[PDB]
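In the structure tokens that follow, a single protein chain appears in two forms: structure 1, then structure 2.
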Structure 1
């Protein structure tokens, strides 16, 4: 369900960055901004095709919309995400934006909403396999999140059974989502302290290492997070369950529709002594929670 496009109708504006594969650049098309992805080397052709056939089947507000695909120089034509990537908002530009507990929870809810749609696909469920903030885009002033890069570095978000070579299911995305939840709450890069080549993270995670626990994290959120981290994929919740849980929790996180507009100088202190401080503040959550339960 595409819509063939002629390159001459595009007219590029400027390169904005590289995706998981290929290059992305802003462009105009029929009186509206556009992002187009082209393959640099022909080795990326396989990824180009799979993403083409997969994105043609998806239609969800939390997944990047694919308009068409031109085969003259071979490129995908998608919607432009003005807000950039979530990874950039979290750890990127020199003037970093302030965000609240409501934004963090809202972002993770919207991500689970999109993945739940993929996992519900018929005949076969669609697994993303590369869920991480670099592949999550933001629009509407940083309020709306959209999943991108369906072509399938990423070791910090990968379930052990995946790089274990073992067979895996849709539950590998659940593991990645859990890491993302920890990441937005702490505004820390997962396993940044380990570093080195990728196999050093894989070894740690394979032996059961997980990101440190979060001081004063509400037990309902801690439970969900650590369940997603389970070694055994069958002990992880389905995305449908995560959506339901996160939806119910948002009752205690008002203000997710407030755009990102304030800067901050995120200090990020080196204090990984078992526990870790959250970046967001859960004071209001505990207050609103006590109102209902009392």
Structure 2
């Protein structure tokens, strides 16, 4: 379903980073990653079979076979990780942006869980794989250590299902609300986090978190994957909550010297402010 390109047609510009290697650059802006060594071919081709079927707003759009190369939509905004924890100066964002991002993420993952004949599992949902465009207001996923966002049945070898992507989304929800790195204090190598999560450890709960949001977030954290909601249920819930989070379309433009309080009492302070939420919620309820 794709569209070949002549390699001479592309004009390289700059380098971006490694997920292969991605480079900035066609027909008057695109992002491309050339393959390195034949070991990645057998995977590189799969991505092609997948992305060519995919067509969704919140998933990176896939626009050469000699040399093997991909030409994808360029995300001028960068990764969500760089927005939350990247280089100074960091941008200010609101509760509306946190919820909007997560919603758009669930929208894109639900489209994957609905593909026929078989569903597609991302299996590596984390902010570094979530790109932003339109002034940081639109989120797009790119399938192309993940211990913090990995469901406990995944790294235990148990035959997992798409519900592993739900667990990740739940962690991503806690990350944008607190603007913290999940299990940053644990540290050490990857296995020290797997042991913690495997034992039931989850991120600390959030002061003043709305019970509707605290409920959904933890339901996604449940050990039993069958007690986790489906993405379709997340999309629906998140869609209805956006009614209490206006201003998602406002771009990121203001800086933010952000102080990080330490995790005191196993209960952290959110970065976003839920004042406007409770206010709008009292209006409808009463």
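Between two forms, the rigid core is defined as the largest C-alpha subset superposing within 1.5 Å. Positions refer to the first chain, counted from 1.
Identity of the moved residue from 59, 235, 247, 41, C-alpha shift 2 angstroms or more, core fit between the two structures: With the rigid core superposed, the residue that stands out is 41.
Angstrom shift of the Cα atom of residue 11 between the two structures (superposition on rigid core): Here the C-alpha difference is 1.3 Å.
Per-residue CA shift, residue 145 (Å; core superposed between the two structures): A shift of 0.1 Å at the C-alpha.
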